[PDB]
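Take a look at this one chain, the form deposited in one PDB entry, written out in structure tokens.
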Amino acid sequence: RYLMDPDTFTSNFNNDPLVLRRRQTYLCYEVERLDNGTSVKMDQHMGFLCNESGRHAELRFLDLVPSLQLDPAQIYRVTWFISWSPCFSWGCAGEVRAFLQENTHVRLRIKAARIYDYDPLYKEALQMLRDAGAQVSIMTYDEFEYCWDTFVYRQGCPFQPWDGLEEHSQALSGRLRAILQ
């Protein structure tokens, strides 16, 4: 597993609104299989994706699902730690919705560092994901540190939080839950 540079992680998962980073998304993913109330963690199916040549990371994740060789007779939970919530206007929310409709064996958990409200239809993207069965939430300190510990070439350095991490997370979470109520 190639691990992400720490600078790339910190530049992209920051949730401070005064840090500009609209040009790029990073999407860390893991997959587990749900059997009789216990998960089979599948470490060979973890990684991260960014946007490439105009194709958003969310669509690039959909692009690689067949290579994960999921058994449709099984149930899987996919988790996304994504630096921006998925857009509507460039097709991500719609494609994820259609994917989850066609792939009823897949459950999707989305934890976003920030809300992508550069998209005029960002609220509709979030509601569309919720309506398609995705559980959508804002990243807290716990998830940022997990991501640092799991996806980052950190050489045993501990996660060090940026100023305001918890405050911004809680404000974002309030906005999100208001949108999804």
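Sequential numbering from 1, following the sequence displayed. Here, rigid core means the biggest group of C-alpha atoms that superpose within 1.5 Å across both forms.
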Task: Of 109 to 117 and 132 to 140, the stretch whose C-alpha atoms average the higher B-factor in the entry - done: 132 to 140
TODO: Would you mind comparing 141 to 149 and 36 to 44 for me and telling me which has the higher average C-alpha temperature factor in the entry?
DONE: 36 to 44
Task: Member of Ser85, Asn103, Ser89, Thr79 with the greatest C-alpha B factor (per the PDB record) - done: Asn103
- [ ] Comparing against every modelled residue in the chain, figure out the third that the C-alpha B-factor of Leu68 lands in (lowest, middle or highest).
- [x] highest
TODO: Pull the Cα B-factor of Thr25 out of the PDB entry and bin it into the chain's lowest, middle or highest third.
DONE: lowest
Task: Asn14 - which third its CA temperature factor falls in, relative to the rest of the chain - done: middle
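The discussion below concerns the form deposited in another entry, not included here.
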- [ ] Please check if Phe88 moves between this form and the one not shown, taking a CA shift of 2 Å or more relative to the superposed core as movement.
- [x] yes
Task: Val19 C-alpha moves between this form and the one not shown by 2 Å or more, core aligned - done: yes
- [ ] Based on a C-alpha change of 3 angstroms or more, tell me if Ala98 and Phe88 lie closer or farther in the other form than in the shown form.
- [x] farther
